[PDB]
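Here the structure is laid out as structure tokens; the discussion comes afterwards.
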Amino acid sequence: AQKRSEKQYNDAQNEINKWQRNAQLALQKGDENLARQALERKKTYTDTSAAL
Amino acid sequence: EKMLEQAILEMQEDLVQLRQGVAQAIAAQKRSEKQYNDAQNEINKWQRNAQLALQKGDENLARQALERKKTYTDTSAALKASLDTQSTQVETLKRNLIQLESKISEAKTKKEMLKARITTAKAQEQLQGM
Amino acid sequence: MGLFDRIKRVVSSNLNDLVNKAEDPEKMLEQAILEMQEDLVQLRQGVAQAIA
Amino acid sequence: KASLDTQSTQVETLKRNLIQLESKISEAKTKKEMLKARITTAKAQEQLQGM
Amino acid sequence: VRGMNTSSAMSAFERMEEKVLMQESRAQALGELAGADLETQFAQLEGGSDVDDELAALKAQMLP
């Protein structure tokens, strides 16, 4: 169970990194809405990570 | 674990039903818009006819067309009012779905926490036996 | 609710026996790959009709 | 003509979806081979671990 | 695309994941318990002690 939570936590961290890259990419693209959405997703992931 | 597993299956099916309702609402908005668009198109045709009627010299036909336009306008206004009310409901449904999506993920996390405490309790029971 | 309590107990007992038999990994993997391929063919036919 | 344009757009969307679907099924086949190896290792390990 | 409950792709991934996760976690955990025991740790130390003396003996054997 500890390993599973760690994997999920690790996955969340990995997911957050991917999301961060996308947000940066979104800014370059010029789509403001997508970048904002990504930030919200990261916050949700962070909350999940905190809970984990 | 059995109580938790049954609950997870149940929530997913409910979400699908909500999605279908949202689709119907979306379709309804589109249908009203099409009717509204059709009414606007119809009004334009009516306006052309009224102008044509004046050229023709038939005063009665032109007057009749104006009355028809007013009725169409009233219908369009009603459709617009309906759309606004429908839109607020649609937004709430969309918001609810987003909230639900966040909630299901939390439920999965809860199960893991629940499983860990139960295992610990079982370990304590073993100590009593000794 | 009395009915609700009865439903949960009956459902749990039935579900547990049923899940173990169909949880084998090898049987599940074979079934999934075959099904998706069949679906694609059906989808293609529908698409072809639209194109026609 | 108006009907054709709407239908054509829908057809194009379906074609795009099919391409996406094709990518997904191929990935699944690769996953099965990886999954099988992991399962076999675990079974062997469990018997050894108990002893 | 939406991912229906009855869809084969959605169902297959979920079924496979549950079985795979449990098996992988259990195997790793079982291995860890053996490592945790003190006797196993002592054996590793003994093995390290054992290899060096043999090497010294081997050097003596190959010295002439």
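Assuming residue B:65 fulfils every condition listed in (1) without any contact (Cβ under 8 Å) to a residue 12 or more places away in the chain; (2) surrounded by 14 or more Cβ atoms within 10 Å (Cβ to Cβ) apart from one, which condition is it?
(1)
So if I check each of D:42, D:37, which one is of a type in the set (A, V, I, L, M) and more than 8 Å from every other protein chain (Cβ to nearest Cβ)?
Matching residue, one of D:42, D:37: D:37.
Answer yes if at least one residue in region C:7-21 is facing chain E (nearest Cβ under 9 Å), out of contact with any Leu (no Cβ under 7 Å at 6 or more places or on another chain) and of a type outside the set (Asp, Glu), and no otherwise.
No: region C:7-21 contains no residue that is facing chain E (nearest Cβ under 9 Å), out of contact with any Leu (no Cβ under 7 Å at 6 or more places or on another chain) and of a type outside the set (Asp, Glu).
Out of B:124, B:99, report the one residue that is part of a helix (DSSP H, G or I), among the polar types (S, T, N, Q), within 14 Å of chain A (Cβ to nearest Cβ) and surrounded by fewer than 11 Cβ atoms within 10 Å (Cβ to Cβ).
B:99
Need the failing condition index for residue D:47 against (1) within 26 Å of residue E:28 (Cβ to Cβ); (2) surrounded by 11 or more Cβ atoms within 10 Å (Cβ to Cβ); (3) more than 8 Å from every other protein chain (Cβ to nearest Cβ), just the number.
Only one criterion in (1) within 26 Å of residue E:28 (Cβ to Cβ); (2) surrounded by 11 or more Cβ atoms within 10 Å (Cβ to Cβ); (3) more than 8 Å from every other protein chain (Cβ to nearest Cβ) is unmet by residue D:47, namely (2).
Which residue pairs have Cβ atoms under 7 Å apart, sit 6 or more places apart or on different chains, and have a first residue in region B:98-126 that is within 17 Å of residue A:1 (Cα to Cα) and free of Cβ contacts under 8 Å to residues at least 24 places away in the same chain and a second that is of a type in the set (A, V, I, L, M) and exposed (fewer than 13 other Cβ atoms within 10 Å of the Cβ)?
B:112/A:1; B:116/A:1
Of the conditions (1) under 30 Å from residue B:93 (Cα atoms); (2) without any contact (Cβ under 8 Å) to a residue 12 or more places away in the chain, residue B:48 fails just one. Which one is it?
(1)
For residues that are part of a helix (DSSP H, G or I) and facing another protein chain (nearest Cβ under 7 Å), tally how many sit in region E:1-20.
The number of residues fulfilling the criteria is 7.
Given the criteria among the basic types (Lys, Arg), assigned to a helix (DSSP H, G or I), more than 14 Å from chain A (Cβ to nearest Cβ) and within 35 Å of the chain's Cα centre (by Cα), does residue B:108 qualify?
When the stated conditions are applied, residue B:108 does not pass them.
Quick one: in region E:27-47, which of the residues that are more than 7 Å from every other protein chain (Cβ to nearest Cβ) and surrounded by 11 or more Cβ atoms within 10 Å (Cβ to Cβ) is nearest to residue C:21 (Cα to Cα)?
Only one residue tops the list, namely E:29.
Output yes when any residue across region E:21-30 is farther than 30 Å from residue B:15 by Cβ and small (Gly, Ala, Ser), and no when none is.
yes
Just to be sure I understand the filter: pairs with C-beta atoms under 8 Å, separated by 6 or more residues or on different chains, first member in region D:4-28 and under 19 Å from residue C:31 (Cα atoms), second member polar (S, T, N, Q). Which pairs pass?
Every condition considered, the pairs that remain are D:25/C:37.
No lab work stands behind these numbers, since they all come straight from the coordinates. No Cβ is skipped: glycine too gets one built from the backbone with ideal geometry, and neighbour counts run over all protein chains shown.
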